[PDB]
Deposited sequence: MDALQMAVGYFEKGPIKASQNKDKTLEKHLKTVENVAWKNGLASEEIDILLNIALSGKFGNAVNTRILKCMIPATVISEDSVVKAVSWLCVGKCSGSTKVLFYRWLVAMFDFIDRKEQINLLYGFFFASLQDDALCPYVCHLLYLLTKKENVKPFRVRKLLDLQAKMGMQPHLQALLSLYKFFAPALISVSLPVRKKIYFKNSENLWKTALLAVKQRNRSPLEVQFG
């Protein structure tokens, strides 16, 4: 094996028996992962494994939270991993704080996904999460980055206007609505700062890769 692959296999085996020395073992594996993640980053395959393991019902909330907070790519992120992550979110056996953290991660790791077309195909699943008022700002921040002209459908404009009437002219709602107005002015009249948009995954190497992302 290698030091990280042992931890990936341990997490793929799922939770084990009652803890005699298993707490220390889980801690060692998780510490190895994050050390590799915060030093030089993780590969696409390992991320594809661990992200979907964390977004599943396996393991407690602390393990999933730490896995999410150490999902830092060394190069790129596969869009199929994000599709499976959205499916796991649709499953429902995921914690609310875990969903908030995953949307924050998707916003922060947006420019590191190799392709975004299949993710844009999940615009309906992303938009249906606007009903939840705990995910509403983060979902709005994600849709502000994901929205193309083809996604601005009349039903979505109507529902977003109704949500604005219910919640009031919230900043994230107003930003998304201004984007919709830019794309489709005939369907309705009415990017940048969003609250709680601090990059929790900002390592130094991720910073140099983000600055290399601007040619």
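- No alpha-carbon coordinates exist for the deposited sequence positions 191-196, 222-227, given here in order along the chain.
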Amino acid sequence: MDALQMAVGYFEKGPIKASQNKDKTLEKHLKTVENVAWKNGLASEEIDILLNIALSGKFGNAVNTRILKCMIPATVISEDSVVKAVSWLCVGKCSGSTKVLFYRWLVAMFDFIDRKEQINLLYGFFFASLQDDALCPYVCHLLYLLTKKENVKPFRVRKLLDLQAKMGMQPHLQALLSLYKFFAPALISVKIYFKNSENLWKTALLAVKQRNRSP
From here on, numbers count along this sequence of modelled residues.
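- Legend: mean Cα B-factor per stretch from the PDB entry, 202-210 versus 11-19; the higher mean is in 11-19.
- When the C-alpha B-factors of 89-97 and 102-110 are averaged, 89-97 comes out higher.
- Across 161, 176, 33, 169, the greatest Cα temperature factor reported in the deposited entry is at 161.
- You'll see in the entry that, of 189, 56, 61, 151, the Cα B factor peaks at 189.
- Residue-level temperature factors show residue 29 in the middle third of its chain, judged at the C-alpha atom.
- In the PDB entry, a CA B factor belonging to the highest third of its chain's modelled residues is recorded for residue 40.
- Sort the modelled residues of the chain by CA B factor and residue 116 lands in the highest third.
- Among the modelled residues of its chain, residue 140 has a C-alpha B-factor that falls in the middle third according to the deposited record.
- Per the deposited record, the Cα B-factor of residue 76 falls in the highest third when ranked against the other modelled residues of its chain.
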